[PDB]
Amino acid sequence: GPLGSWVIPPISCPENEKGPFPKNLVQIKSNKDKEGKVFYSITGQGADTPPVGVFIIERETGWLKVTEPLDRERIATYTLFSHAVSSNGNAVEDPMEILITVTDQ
């Protein structure tokens, strides 16, 4: 579960992409941002565990970005988790599971 107030577009990224890097994939959003500023983070394989920092998120904007070219024959899918907090410290959301699919060039 839980969807909460997350708004997430589906995420695919073609393998063998050209720069410049980092490149915007999608903008992640929590509906809690129109009742105060929200600050975003991500976790999982490809984020904070190996391979680290293949994906990053811009804390203030929610822009999820890829930092280098991908290879479908190495890693074809990634499961990430996003997190949302206020000014403040809470946690205006529970984590969201985020699937990223590596597609054709």
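Position 1 is the first residue in the sequence shown; the rest follow in order.
Peer 1: If you average the CA temperature factors over each stretch, which comes out higher, 86 to 94 or 13 to 21?
Peer 2: The recorded data point to 86 to 94.
Peer 1: Decide which of the stretches 29 to 37 and 51 to 59 has the higher mean C-alpha B-factor, going by the entry.
Peer 2: In the deposited entry, the stretch with the higher C-alpha B-factor mean is 29 to 37.
Peer 1: Considering every modelled residue of the chain and its Cα B-factor in the PDB entry, is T103 in the lowest, middle or highest third?
Peer 2: Highest third.
Peer 1: Among all modelled residues of this chain, ranked by Cα B factor, put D71 in the bottom, middle or top third, i.e. lowest, middle or highest.
Peer 2: For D71, whose C-alpha B-factor we compare with every modelled residue in the chain, the answer is the middle third.
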